[PDB]
Structures are given as C-alpha cells and as structure tokens.
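*Asks:* Please find input19.txt (compact mmCIF, C-alpha atoms and all ligand atoms) on the next line:
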```txt
# COMPACT_ATOMS: atom_id res chain seq x y z
CA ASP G 31 9.11 8.55 16.91
CA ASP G 32 8.66 5.42 14.90
CA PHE G 33 12.02 6.45 13.29
CA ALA G 34 14.00 5.66 16.40
CA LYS G 35 12.23 2.30 16.68
CA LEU G 36 13.87 1.36 13.41
CA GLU G 37 17.31 2.67 14.17
CA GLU G 38 17.38 0.33 17.10
CA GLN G 39 15.71 -2.25 15.07
CA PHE G 40 18.36 -2.21 12.42
CA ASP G 41 21.12 -1.04 14.53
CA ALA G 42 21.64 2.24 12.51
CA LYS G 43 21.29 5.76 12.04
CA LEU G 44 18.78 7.20 9.78
CA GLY G 45 18.97 10.52 7.81
CA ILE G 46 15.36 11.63 6.66
CA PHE G 47 13.64 14.60 4.87
CA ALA G 48 10.58 14.29 2.72
CA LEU G 49 8.83 17.13 1.37
CA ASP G 50 5.37 17.17 -0.11
CA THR G 51 5.34 19.61 -2.95
CA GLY G 52 1.65 20.28 -3.67
CA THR G 53 1.30 21.38 0.07
CA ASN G 54 4.91 21.85 1.63
CA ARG G 55 4.49 19.63 4.55
CA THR G 56 7.52 17.94 5.59
CA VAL G 57 8.79 14.96 7.30
CA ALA G 59 12.05 15.36 8.95
CA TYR G 60 14.31 13.16 10.95
CA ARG G 61 17.86 14.17 11.47
CA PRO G 62 17.60 16.12 8.39
CA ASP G 63 20.76 18.04 8.70
CA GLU G 64 23.13 15.29 9.81
CA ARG G 65 25.92 14.17 7.47
CA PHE G 66 26.20 10.74 5.77
CA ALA G 67 28.42 10.00 2.78
CA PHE G 68 26.19 10.50 -0.47
CA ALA G 69 27.89 7.53 -1.89
CA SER G 70 26.33 6.74 -5.39
CA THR G 71 23.16 8.95 -5.04
CA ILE G 72 25.49 11.74 -6.49
CA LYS G 73 25.20 10.09 -9.78
CA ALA G 74 21.74 11.62 -10.02
CA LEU G 75 23.14 15.11 -9.47
CA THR G 76 26.15 14.55 -11.66
CA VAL G 77 23.78 14.04 -14.52
CA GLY G 78 21.64 16.98 -13.77
CA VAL G 79 24.69 19.16 -14.24
CA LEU G 80 25.65 17.18 -17.29
CA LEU G 81 22.45 17.93 -19.12
CA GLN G 82 22.76 21.51 -18.20
CA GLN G 83 25.88 21.34 -20.08
CA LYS G 86 25.12 19.37 -23.36
CA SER G 87 22.51 19.60 -26.16
CA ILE G 88 20.74 16.40 -26.61
CA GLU G 89 22.72 15.99 -29.62
CA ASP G 90 25.96 16.28 -27.66
CA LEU G 91 24.80 13.31 -25.74
CA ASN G 92 25.02 11.17 -28.83
CA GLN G 93 28.79 11.86 -28.95
CA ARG G 94 30.20 8.33 -28.76
CA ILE G 95 32.92 7.90 -26.04
CA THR G 96 35.99 5.78 -26.40
CA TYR G 97 37.65 4.26 -23.44
CA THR G 98 39.78 1.35 -22.59
CA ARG G 99 40.03 -1.44 -19.94
CA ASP G 100 42.04 1.03 -17.63
CA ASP G 101 39.04 3.10 -16.98
CA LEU G 102 37.40 0.15 -15.42
CA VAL G 103 37.17 0.38 -11.54
CA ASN G 104 35.33 -2.05 -9.16
CA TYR G 105 31.68 -2.06 -10.48
CA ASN G 106 31.22 -1.92 -14.35
CA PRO G 107 28.33 -3.89 -14.89
CA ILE G 108 27.26 -2.40 -18.31
CA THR G 109 30.54 -0.80 -19.16
CA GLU G 110 32.75 -3.87 -19.29
CA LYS G 111 30.55 -5.07 -22.01
CA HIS G 112 31.93 -2.58 -24.43
CA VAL G 113 35.37 -1.15 -24.06
CA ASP G 114 35.65 -2.76 -27.59
CA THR G 115 32.91 -0.87 -29.37
CA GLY G 116 32.71 2.14 -27.10
CA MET G 117 29.38 3.70 -25.48
CA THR G 118 27.75 7.09 -26.11
CA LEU G 119 27.05 9.69 -23.46
CA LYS G 120 23.40 9.04 -23.38
CA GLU G 121 24.42 5.35 -23.00
CA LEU G 122 26.67 6.34 -20.16
CA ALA G 123 23.88 8.44 -18.43
CA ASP G 124 21.68 5.40 -18.67
CA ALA G 125 24.19 2.82 -17.30
CA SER G 126 25.17 5.13 -14.54
CA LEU G 127 21.83 5.77 -13.29
CA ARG G 128 19.78 2.74 -13.98
CA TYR G 129 22.60 0.30 -13.19
CA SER G 130 24.98 2.47 -11.04
CA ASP G 131 27.86 1.73 -13.13
CA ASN G 132 31.00 3.39 -11.45
CA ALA G 133 33.04 3.48 -14.45
CA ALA G 134 30.23 5.29 -16.31
CA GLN G 135 30.13 7.89 -13.45
CA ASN G 136 33.87 8.33 -13.69
CA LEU G 137 33.52 9.18 -17.32
CA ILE G 138 30.56 11.45 -16.96
CA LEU G 139 32.65 13.24 -14.37
CA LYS G 140 35.74 13.68 -16.51
CA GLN G 141 33.40 15.33 -19.02
CA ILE G 142 32.03 18.00 -16.86
CA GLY G 143 35.62 18.60 -15.48
CA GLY G 144 35.44 16.38 -12.23
CA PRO G 145 34.79 16.94 -8.46
CA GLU G 146 35.67 20.69 -8.13
CA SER G 147 33.86 21.48 -11.38
CA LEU G 148 30.76 19.68 -10.07
CA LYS G 149 31.03 21.38 -6.63
CA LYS G 150 31.08 24.74 -8.28
CA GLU G 151 28.14 23.82 -10.19
CA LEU G 152 26.17 22.61 -7.24
CA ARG G 153 27.09 25.70 -5.23
CA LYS G 154 25.53 27.55 -8.31
CA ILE G 155 21.84 26.24 -7.66
CA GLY G 156 21.97 27.06 -3.86
CA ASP G 157 23.81 23.92 -2.58
CA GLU G 158 26.36 24.79 0.09
CA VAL G 159 26.16 21.40 1.96
CA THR G 160 26.82 18.84 -0.75
CA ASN G 161 30.50 18.15 -0.89
CA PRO G 162 32.15 16.23 -3.69
CA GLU G 163 36.00 15.82 -3.48
CA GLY G 175 34.17 14.26 11.86
CA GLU G 176 35.14 13.99 8.09
CA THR G 177 32.96 16.13 5.63
CA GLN G 178 34.51 15.19 2.28
CA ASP G 179 32.02 13.49 0.12
CA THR G 180 28.92 13.57 2.48
CA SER G 181 25.80 15.67 2.49
CA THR G 182 22.42 15.68 4.11
CA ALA G 183 18.88 14.29 3.56
CA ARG G 184 17.92 17.87 3.37
CA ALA G 185 20.26 19.08 0.72
CA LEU G 186 19.80 16.15 -1.37
CA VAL G 187 16.12 16.46 -1.67
CA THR G 188 16.35 20.18 -2.35
CA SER G 189 18.95 19.72 -5.06
CA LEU G 190 17.18 16.80 -6.69
CA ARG G 191 13.93 18.82 -6.76
CA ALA G 192 15.74 21.76 -8.36
CA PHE G 193 16.79 19.37 -11.22
CA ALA G 194 13.91 17.06 -11.87
CA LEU G 195 10.91 19.18 -10.75
CA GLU G 196 11.88 22.88 -10.79
CA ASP G 197 13.56 24.93 -13.41
CA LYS G 198 17.38 24.15 -13.25
CA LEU G 199 16.95 21.98 -16.52
CA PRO G 200 14.94 22.65 -19.74
CA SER G 201 11.79 20.76 -20.10
CA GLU G 202 13.11 18.11 -22.49
CA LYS G 203 16.23 17.26 -20.59
CA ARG G 204 14.24 17.15 -17.46
CA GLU G 205 12.20 14.36 -19.17
CA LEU G 206 15.30 12.12 -19.75
CA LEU G 207 16.44 12.30 -16.16
CA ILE G 208 13.26 11.24 -14.89
CA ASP G 209 12.97 8.53 -17.37
CA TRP G 210 16.37 7.31 -16.45
CA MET G 211 15.20 7.36 -12.80
CA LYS G 212 11.90 5.64 -13.30
CA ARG G 213 13.56 2.84 -15.00
CA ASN G 214 16.20 2.40 -12.23
CA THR G 215 17.00 -1.24 -11.59
CA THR G 216 18.94 -0.86 -8.36
CA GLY G 217 16.10 -0.11 -5.77
CA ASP G 218 13.15 -2.23 -5.46
CA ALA G 219 14.11 -3.47 -2.01
CA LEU G 220 14.29 0.21 -0.79
CA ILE G 221 11.86 3.12 -1.36
CA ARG G 222 9.99 1.35 -4.12
CA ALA G 223 9.16 -1.24 -1.51
CA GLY G 224 7.54 1.33 1.02
CA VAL G 225 5.24 2.72 -1.50
CA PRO G 226 2.03 0.93 -2.62
CA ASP G 227 1.36 -0.65 -6.19
CA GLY G 228 0.29 2.44 -8.51
CA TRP G 229 2.74 5.01 -7.19
CA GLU G 230 5.59 6.08 -9.38
CA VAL G 231 8.98 6.37 -7.88
CA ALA G 232 11.97 7.66 -9.72
CA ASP G 233 15.05 6.89 -7.68
CA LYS G 234 18.80 6.75 -7.29
CA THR G 235 20.25 4.44 -4.66
CA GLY G 236 23.66 4.51 -2.73
CA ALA G 237 25.84 2.27 -0.59
CA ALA G 238 29.21 2.07 1.13
CA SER G 240 31.20 0.77 4.22
CA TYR G 241 30.12 1.47 7.77
CA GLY G 242 26.89 0.16 6.41
CA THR G 243 25.76 3.18 4.47
CA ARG G 244 22.60 2.56 2.47
CA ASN G 245 20.74 5.44 0.78
CA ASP G 246 17.92 6.07 -1.48
CA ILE G 247 16.61 9.34 -2.94
CA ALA G 248 13.59 9.76 -4.87
CA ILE G 249 10.45 11.33 -6.27
CA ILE G 250 7.24 9.51 -5.71
CA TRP G 251 3.98 10.35 -7.54
CA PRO G 252 0.58 9.43 -6.27
CA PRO G 254 -1.92 8.99 -9.06
CA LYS G 255 -3.68 12.10 -7.55
CA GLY G 256 -1.94 15.51 -8.27
CA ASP G 257 1.42 16.64 -6.67
CA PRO G 258 4.64 14.56 -6.16
CA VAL G 259 6.59 14.22 -2.92
CA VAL G 260 10.40 14.21 -2.95
CA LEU G 261 12.24 12.12 -0.45
CA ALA G 262 15.72 11.15 0.87
CA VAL G 263 16.36 8.20 3.23
CA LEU G 264 19.89 7.77 4.41
CA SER G 265 21.48 5.44 6.81
CA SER G 266 24.67 4.09 8.18
CA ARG G 267 26.31 2.17 10.95
CA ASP G 268 28.92 1.69 13.31
CA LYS G 269 31.67 0.17 12.26
CA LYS G 270 33.42 0.01 8.91
CA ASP G 271 33.01 -3.51 7.46
CA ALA G 272 29.27 -3.34 8.60
CA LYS G 273 26.87 -4.66 6.08
CA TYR G 274 23.51 -3.06 5.40
CA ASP G 275 19.85 -4.15 5.30
CA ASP G 276 17.51 -2.82 2.72
CA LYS G 277 14.33 -3.27 4.59
CA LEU G 278 15.34 -0.39 6.74
CA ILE G 279 14.83 1.90 3.67
CA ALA G 280 11.48 0.20 3.09
CA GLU G 281 9.90 0.65 6.54
CA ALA G 282 11.49 4.08 7.03
CA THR G 283 9.58 4.80 3.86
CA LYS G 284 6.30 3.25 5.00
CA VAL G 285 6.47 5.69 8.00
CA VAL G 286 7.39 8.72 5.92
CA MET G 287 4.25 8.00 3.76
CA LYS G 288 1.70 7.64 6.56
CA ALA G 289 3.43 10.35 8.41
CA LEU G 290 2.43 12.13 5.21
CA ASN G 291 -0.94 10.69 4.14
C1 LIG N 301 26.84 3.33 -5.25
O1 LIG N 301 26.79 3.81 -4.17
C2 LIG N 301 28.09 2.72 -5.76
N1 LIG N 301 28.93 2.40 -4.61
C3 LIG N 301 30.19 1.96 -4.61
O2 LIG N 301 30.78 1.63 -5.57
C4 LIG N 301 30.78 1.72 -3.33
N2 LIG N 301 31.29 2.58 -2.54
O3 LIG N 301 31.37 3.80 -2.97
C5 LIG N 301 31.89 4.76 -2.01
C6 LIG N 301 30.76 0.42 -2.69
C7 LIG N 301 30.14 -0.73 -3.34
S1 LIG N 301 29.90 -1.79 -1.91
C8 LIG N 301 30.99 -0.88 -0.79
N3 LIG N 301 31.48 -1.21 0.47
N4 LIG N 301 31.30 0.30 -1.39
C9 LIG N 301 27.37 1.60 -6.53
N5 LIG N 301 26.01 1.43 -5.99
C10 LIG N 301 25.30 0.39 -5.48
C11 LIG N 301 23.91 0.59 -5.31
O4 LIG N 301 23.09 -0.28 -4.87
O5 LIG N 301 23.40 1.72 -5.57
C12 LIG N 301 25.86 -0.76 -5.03
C13 LIG N 301 25.15 -1.79 -4.41
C14 LIG N 301 27.21 -0.77 -5.16
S2 LIG N 301 28.11 0.09 -6.31
```
Is it possible to express this structure as structure tokens?
Ligand SMILES: *C(=O)[C@@H](NC(=O)/C(=N\OC)c1csc(N)n1)[C@@H]1N=C(C(=O)O)C(=C)CS1
*Replies:*
Amino acid sequence: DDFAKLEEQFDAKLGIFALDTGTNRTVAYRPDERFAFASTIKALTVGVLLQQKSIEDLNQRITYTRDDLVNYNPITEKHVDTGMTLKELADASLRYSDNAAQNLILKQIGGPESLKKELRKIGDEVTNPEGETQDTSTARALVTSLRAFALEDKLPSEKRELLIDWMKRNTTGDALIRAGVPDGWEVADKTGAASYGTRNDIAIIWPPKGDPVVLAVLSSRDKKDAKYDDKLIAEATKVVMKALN
C-alpha cells in the first residue's frame, strides 16, 4: 500500500516481513521474493558458530596474515601483527561488518556448504550460501532463522546473550531500521549491501512494553552499479511499525 509508494519513491524493490511475537501478527510485503542476503548472513554465521564453540573456545586467539585481507577490514587490518580472538572476530564482524572477520569465522565452521547444512538443520530451506539463486534468500526466511537463534531455542541461554549484545551494539545501521523506530525502543540489527543497489537490514526491536517484534527489510535496484539510499529502510520501517501499532 504505502510500500509501493516508496518503491517508486526510491526507485526500488522492497522485500518485507515483520512478525510480532507476543501476538503473531505479521506485516508482509513481497515476503517470499529473493534478494541477495549480502552481509546480513554474518548474523546467521555467528549463530551457527556459537552452536559450535564453548565460550571458552571463543577465547582461542586466531593468527592470520595480510593475505586474508579482502576489500573491507576495518577492525581486522589493525592487527594482523598481534592476531585477534574469536570473540574479537564475532564482534568485528557483526558490529563493524568486517569481511575479513566473516571469512575467518567461516573457515572455522567449515565454510559455505558447512553453513548451508547447518541452516537446513533449523528448518531453513530458502537461505542459500555458496534468475540466479546463489547467495540470496527472503525477508521471510531471514526473520524466521534470526528468531530461531536470538529468541527461540537454537542457542543456549548464555550464548544467546552475546549475539544480542553484539547486535545491540551494531555500529553499521543507524540510518536504517534504527531510524524508523522511536527513541526508547531497542533494536538489535545486522545490515547488508551490494551492487544493483541492494540495501538490507534485519533486526529485533523491543518496545519497553512486553514482547519483541522481529523484522527484515530488503531492497534492491535495477541496474548493477546502482547506489542505494538508506532512508528507504527508515520509512519502510516507519510503515511496518504503524502497520503494527
Ligand atoms: C555487507 O553487506 C558487506 N558487503 C560487502 O562487502 C559488499 N558486497 O558484498 C556482496 C559490498 C560493499 S559495497 C558493494 N558494492 N559491495 C559489508 N557491509 C556493509 C554494511 O553497511 O553492512 C557495507 C556498507 C559494506 S561492506
């Protein structure tokens, strides 16, 4: 309704699913249409990862070299000298979206097929880490796999804590969902971006009064060197909320 108003306003396509937990209402707008997850997968990569380590294991310092650097390393290039420890890598990857840090977390849980096999294992048959479907997923499946990790029971209580934390203190999205949501309202999020003007944010939002909603906004464009505008995430979000309230 309003959603289409913004896809002509920002010349883009919007993927949207919100679900309100306490009550199950839903806001949906192209929820099953594919969009590349781009870096929002870093949230899910870490949900697996905690499945797989004690919180001591996460202290295991990790040594790497300047060859492991790719195109965005914003924390990780500060260190190839010292080294950084897996918790440190969870943090950088999620709060900063460091790509190198993702790369390493991956190579720990045994990479894209291992992660696949692991997402299939919590009910996710859409998400697709390797008319192209390689590396794309849907507003739907992303909210439902994020909820499994951070709100349901796919993690033990104390790991589930650290995820959130990492996602509350994200630095990468205050122009996006965190912008559509009033002062006083927690969001934990992980943001994405790529060419063809993909810009994504997924998130849990908590409104001082009882149960959280969980929300994915996705978008892209036309046209491969397109650039993206953040305020499309923010208004998309203001509608989802009202929509909801
Ligand atoms: C997040 O999505 C991750 N993205 C990338 O490195 C890029 N593409 O990945 C397929 C990328 C950077 S810009 C472009 N054309 N492609 C990191 N995340 C963010 C973010 O805000 O979450 C970035 C702004 C870029 S790097």
*Asks:* Out of G:99, G:213, G:222, G:149, which residue has the shortest atom-to-atom distance to residue 163 of chain G when counting all atoms listed in the file?
*Replies:*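 Comparing G:99, G:213, G:222, G:149 against residue 163 of chain G, the winner is G:149.
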*Asks:* Please report, as JSON lines, each residue of segment 181-212 of chain G lying at most 12 Å from segment 79-95 of chain G, together with the nearest pair of atoms and the separation in Å rounded to one decimal; use only C-alpha atoms, and order rows by chain and ascending residue number.
*Replies:*
```
{"residue": "G:189", "atom": "CA", "partner": "G:79", "partner_atom": "CA", "distance": 10.8}
{"residue": "G:190", "atom": "CA", "partner": "G:79", "partner_atom": "CA", "distance": 10.9}
{"residue": "G:192", "atom": "CA", "partner": "G:79", "partner_atom": "CA", "distance": 11.0}
{"residue": "G:193", "atom": "CA", "partner": "G:79", "partner_atom": "CA", "distance": 8.5}
{"residue": "G:194", "atom": "CA", "partner": "G:79", "partner_atom": "CA", "distance": 11.2}
{"residue": "G:197", "atom": "CA", "partner": "G:82", "partner_atom": "CA", "distance": 10.9}
{"residue": "G:198", "atom": "CA", "partner": "G:82", "partner_atom": "CA", "distance": 7.8}
{"residue": "G:199", "atom": "CA", "partner": "G:82", "partner_atom": "CA", "distance": 6.1}
{"residue": "G:200", "atom": "CA", "partner": "G:82", "partner_atom": "CA", "distance": 8.1}
{"residue": "G:201", "atom": "CA", "partner": "G:81", "partner_atom": "CA", "distance": 11.1}
{"residue": "G:202", "atom": "CA", "partner": "G:88", "partner_atom": "CA", "distance": 8.8}
{"residue": "G:203", "atom": "CA", "partner": "G:81", "partner_atom": "CA", "distance": 6.4}
{"residue": "G:204", "atom": "CA", "partner": "G:81", "partner_atom": "CA", "distance": 8.4}
{"residue": "G:205", "atom": "CA", "partner": "G:81", "partner_atom": "CA", "distance": 10.9}
{"residue": "G:206", "atom": "CA", "partner": "G:81", "partner_atom": "CA", "distance": 9.2}
{"residue": "G:207", "atom": "CA", "partner": "G:81", "partner_atom": "CA", "distance": 8.8}
```
*Asks:* Using all atoms listed in the file, find the one residue out of G:215, G:130, G:283, G:177 that sits nearest to ligand LIG 301 (chain N).
*Replies:*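 With all atoms listed in the file as the atom set, the closest residue is G:130.
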*Asks:* What is the distance, in Å and to one decimal place, between atom CA of residue 224 of chain G and atom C3 of ligand LIG 301 (chain N)?
*Replies:*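 It comes out at 23.3 Å.
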*Asks:* For ligand LIG 301 (chain N), which residue among G:250, G:195, G:237, G:36 is the nearest when counting all atoms listed in the file?
*Replies:*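 Counting all atoms listed in the file, the residue closest to ligand LIG 301 (chain N) is G:237.
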*Asks:* Could I get the residue neighbourhood of ligand LIG 301 (chain N) at 6 Å, counting all atoms listed in the file, as a PyMOL selection string?
*Replies:* chain G and resi 69-70+105+130+216+235-238+240
*Asks:* Kindly output segment 234-263 of chain G as a PDB file, in the frame of the given file, after building N, CA and C atoms.
*Replies:*
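Ended up saving to rebuild-v2.pdb:
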```pdb
ATOM      1  N   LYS G 234      17.397   7.169  -7.321  1.00  0.00           N
ATOM      2  CA  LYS G 234      18.800   6.750  -7.290  1.00  0.00           C
ATOM      3  C   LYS G 234      19.252   6.291  -5.875  1.00  0.00           C
ATOM      4  N   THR G 235      19.702   5.045  -5.761  1.00  0.00           N
ATOM      5  CA  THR G 235      20.250   4.440  -4.660  1.00  0.00           C
ATOM      6  C   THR G 235      21.811   4.666  -4.460  1.00  0.00           C
ATOM      7  N   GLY G 236      22.222   4.495  -3.107  1.00  0.00           N
ATOM      8  CA  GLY G 236      23.660   4.510  -2.730  1.00  0.00           C
ATOM      9  C   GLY G 236      24.041   3.380  -1.790  1.00  0.00           C
ATOM     10  N   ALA G 237      25.337   3.119  -1.655  1.00  0.00           N
ATOM     11  CA  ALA G 237      25.840   2.270  -0.590  1.00  0.00           C
ATOM     12  C   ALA G 237      27.329   2.494  -0.350  1.00  0.00           C
ATOM     13  N   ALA G 238      27.786   2.189   0.859  1.00  0.00           N
ATOM     14  CA  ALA G 238      29.210   2.070   1.130  1.00  0.00           C
ATOM     15  C   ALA G 238      29.465   1.452   2.503  1.00  0.00           C
ATOM     16  N   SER G 240      30.792   1.505   2.965  1.00  0.00           N
ATOM     17  CA  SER G 240      31.200   0.770   4.220  1.00  0.00           C
ATOM     18  C   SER G 240      30.487   1.527   5.407  1.00  0.00           C
ATOM     19  N   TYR G 241      30.794   0.934   6.618  1.00  0.00           N
ATOM     20  CA  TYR G 241      30.120   1.470   7.770  1.00  0.00           C
ATOM     21  C   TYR G 241      28.636   1.485   7.508  1.00  0.00           C
ATOM     22  N   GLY G 242      28.229   0.608   6.571  1.00  0.00           N
ATOM     23  CA  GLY G 242      26.890   0.160   6.410  1.00  0.00           C
ATOM     24  C   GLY G 242      25.954   1.254   5.958  1.00  0.00           C
ATOM     25  N   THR G 243      26.550   2.180   5.209  1.00  0.00           N
ATOM     26  CA  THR G 243      25.760   3.180   4.470  1.00  0.00           C
ATOM     27  C   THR G 243      24.892   2.598   3.338  1.00  0.00           C
ATOM     28  N   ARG G 244      23.621   2.940   3.429  1.00  0.00           N
ATOM     29  CA  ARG G 244      22.600   2.560   2.470  1.00  0.00           C
ATOM     30  C   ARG G 244      21.502   3.640   2.229  1.00  0.00           C
ATOM     31  N   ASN G 245      21.393   4.155   0.987  1.00  0.00           N
ATOM     32  CA  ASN G 245      20.740   5.440   0.780  1.00  0.00           C
ATOM     33  C   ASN G 245      19.819   5.310  -0.375  1.00  0.00           C
ATOM     34  N   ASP G 246      18.685   5.980  -0.320  1.00  0.00           N
ATOM     35  CA  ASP G 246      17.920   6.070  -1.480  1.00  0.00           C
ATOM     36  C   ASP G 246      17.260   7.422  -1.680  1.00  0.00           C
ATOM     37  N   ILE G 247      17.328   8.030  -2.856  1.00  0.00           N
ATOM     38  CA  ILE G 247      16.610   9.340  -2.940  1.00  0.00           C
ATOM     39  C   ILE G 247      15.657   9.325  -4.048  1.00  0.00           C
ATOM     40  N   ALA G 248      14.585  10.097  -3.937  1.00  0.00           N
ATOM     41  CA  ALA G 248      13.590   9.760  -4.870  1.00  0.00           C
ATOM     42  C   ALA G 248      12.489  10.675  -4.925  1.00  0.00           C
ATOM     43  N   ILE G 249      11.742  10.609  -6.026  1.00  0.00           N
ATOM     44  CA  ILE G 249      10.450  11.330  -6.270  1.00  0.00           C
ATOM     45  C   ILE G 249       9.436  10.260  -6.432  1.00  0.00           C
ATOM     46  N   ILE G 250       8.264  10.531  -5.916  1.00  0.00           N
ATOM     47  CA  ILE G 250       7.240   9.510  -5.710  1.00  0.00           C
ATOM     48  C   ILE G 250       6.011  10.297  -6.204  1.00  0.00           C
ATOM     49  N   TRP G 251       5.093   9.649  -6.913  1.00  0.00           N
ATOM     50  CA  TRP G 251       3.980  10.350  -7.540  1.00  0.00           C
ATOM     51  C   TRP G 251       2.684   9.545  -7.412  1.00  0.00           C
ATOM     52  N   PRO G 252       1.757  10.212  -6.672  1.00  0.00           N
ATOM     53  CA  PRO G 252       0.580   9.430  -6.270  1.00  0.00           C
ATOM     54  C   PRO G 252      -0.681   9.898  -6.984  1.00  0.00           C
ATOM     55  N   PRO G 254      -1.029   8.723  -7.922  1.00  0.00           N
ATOM     56  CA  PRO G 254      -1.920   8.990  -9.060  1.00  0.00           C
ATOM     57  C   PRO G 254      -2.600  10.350  -8.933  1.00  0.00           C
ATOM     58  N   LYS G 255      -2.878  10.897  -7.741  1.00  0.00           N
ATOM     59  CA  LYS G 255      -3.680  12.100  -7.550  1.00  0.00           C
ATOM     60  C   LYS G 255      -2.864  13.367  -7.277  1.00  0.00           C
ATOM     61  N   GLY G 256      -2.702  14.196  -8.296  1.00  0.00           N
ATOM     62  CA  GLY G 256      -1.940  15.510  -8.270  1.00  0.00           C
ATOM     63  C   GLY G 256      -0.491  15.477  -7.639  1.00  0.00           C
ATOM     64  N   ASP G 257      -0.051  16.358  -6.719  1.00  0.00           N
ATOM     65  CA  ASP G 257       1.420  16.640  -6.670  1.00  0.00           C
ATOM     66  C   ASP G 257       2.430  15.642  -5.992  1.00  0.00           C
ATOM     67  N   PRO G 258       3.618  15.511  -6.597  1.00  0.00           N
ATOM     68  CA  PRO G 258       4.640  14.560  -6.160  1.00  0.00           C
ATOM     69  C   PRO G 258       5.215  14.932  -4.794  1.00  0.00           C
ATOM     70  N   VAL G 259       5.657  13.997  -4.024  1.00  0.00           N
ATOM     71  CA  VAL G 259       6.590  14.220  -2.920  1.00  0.00           C
ATOM     72  C   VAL G 259       8.012  13.851  -3.322  1.00  0.00           C
ATOM     73  N   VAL G 260       8.985  14.424  -2.620  1.00  0.00           N
ATOM     74  CA  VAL G 260      10.400  14.210  -2.950  1.00  0.00           C
ATOM     75  C   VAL G 260      11.106  13.935  -1.632  1.00  0.00           C
ATOM     76  N   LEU G 261      11.938  12.868  -1.602  1.00  0.00           N
ATOM     77  CA  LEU G 261      12.240  12.120  -0.450  1.00  0.00           C
ATOM     78  C   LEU G 261      13.653  11.541  -0.443  1.00  0.00           C
ATOM     79  N   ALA G 262      14.363  11.783   0.661  1.00  0.00           N
ATOM     80  CA  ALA G 262      15.720  11.150   0.870  1.00  0.00           C
ATOM     81  C   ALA G 262      15.775  10.317   2.151  1.00  0.00           C
ATOM     82  N   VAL G 263      16.148   9.035   2.052  1.00  0.00           N
ATOM     83  CA  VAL G 263      16.360   8.200   3.230  1.00  0.00           C
ATOM     84  C   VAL G 263      17.828   7.852   3.296  1.00  0.00           C
TER      85      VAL G 263
END
```
